[PDB]
Each structure stands twice: as structure tokens, then as C-alpha cells.
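Student: Pasting the sequence and an experimental structure:
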Amino acid sequence: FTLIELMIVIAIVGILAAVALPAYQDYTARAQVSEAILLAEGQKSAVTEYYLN
Amino acid sequence: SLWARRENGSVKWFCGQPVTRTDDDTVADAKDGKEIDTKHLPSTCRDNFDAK
């Protein structure tokens, strides 16, 4: 008879999270890799010097 | 440590981890545990006690 505004809007936020799930999940991974890269670098110094010397 | 060696008429200098002099032409590792770690030493100061 009535109450569908609460039911649909709770189910659009539910599906909104499912659509926002893979975006945050590669943005996220892509973020965790960007650090492996920062940890890898800054060690270029040692390696560069060792090689040139 | 920096130590030298008789070249005969002149001397040559070395640079590296702590050393002790034995005789006028021989030194040895001042092995004791307080030497600056190889990683902190320049490429120009990697000399060994028996470098010639």
C-alpha cells in the first residue's frame, strides 16, 4: 500500500556499495603497489653508488 | 684508519677499517668490534690491512 521509498533507497545504497566495491578494490591495490615502489626506490642510491664506485 | 707504506724514497697511503702497526712496514686489523661498517665507507676507503 505504501512503504517503498525506504526499501528501494536501502537497496540502492546496497548496490551502490557493490559498484563502488571494485573501484576501491583496484584503487586500493594500485595504492599498495605504489608503496612497494617507494620502498624499492631510495635504495637506488646505495646500488648506484656501489656500481659507479 | 689511515696508514702508509714505505715506497722507498716516498710512501703510499691507505684508508680503511682500523688497523694497528706491527713493524715499520706492516699493520694488521685492529679487530675489536668498533670499526665503521663497510657500508658506511667510501669506495676510496675500502683498503685491507695487507693492501700494497
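Tutor: Nice, thanks for sending it over. Numbers count the residues shown, from 1 in each chain, chains lettered A, B, ... in the order given.

Student: who touches residue B:17 in this structure?
Tutor: By C-beta atoms under 8 Å, 6 or more residues apart in numbering or on different chains, the residues touching residue B:17 are B:1, B:29, B:30, B:35, B:36, B:38, B:41. (C-beta placed from N, C-alpha, C; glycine too.)

Student: where does chain A come near chain B, residue by residue?
Tutor: Applying C-beta under 8 Å from any C-beta of the partner chain, one finds that chain A approaches chain B through A:46, A:49, A:52, A:53.

Student: So what does the first one have for phi and psi?
Tutor: In this case it means residue A:46. phi -50, psi -50 (degrees, to the nearest 10).

Student: Grab the nearest non-local neighbour of residue B:34.
Tutor: Once flanking residues are discounted, residue B:34 sits nearest to residue B:18: 7.1 Å by C-beta to C-beta, 6 or more residues apart in numbering or on different chains.

Student: Quick check: the gap between the one you found and residue A:8.
Tutor: Plainly put, residue B:18 is 79 Å away from residue A:8 if you go by C-beta to C-beta, to the nearest Å.

Student: higher neighbour count, the two?
Tutor: Set residue B:18 next to residue A:8 and count neighbours by other C-beta atoms under 10 Å in any protein chain shown: residue B:18 wins out with 16 against 10.

Student: Tell me which residue of chain A lies closest to chain B.
Tutor: Closest approach between chain A and chain B, counting by C-beta to the nearest C-beta: residue A:53, at 2.8 Å.

Student: okay, now that residue: neighbour count?
Tutor: Residues near residue A:53, counting by other C-beta under 10 Å, number 9.

Student: again with residue A:44
Tutor: Residue A:44 has 9 nearby residues by other C-beta under 10 Å.

Student: same question, residue B:8
Tutor: 6.

Student: ditto for residue B:16
Tutor: Counted with other C-beta under 10 Å, residues neighbouring residue B:16 total 20.

Student: residues touching it, list them.
Tutor: Taking C-beta under 8 Å, 6+ apart, one finds B:1, B:41, B:45, B:46, B:47, B:48, B:49, B:51 in contact with residue B:16.

Student: what do you get for residue B:28?
Tutor: Residues near residue B:28 by C-beta under 8 Å, 6+ apart: B:19, B:20, B:22, B:49.
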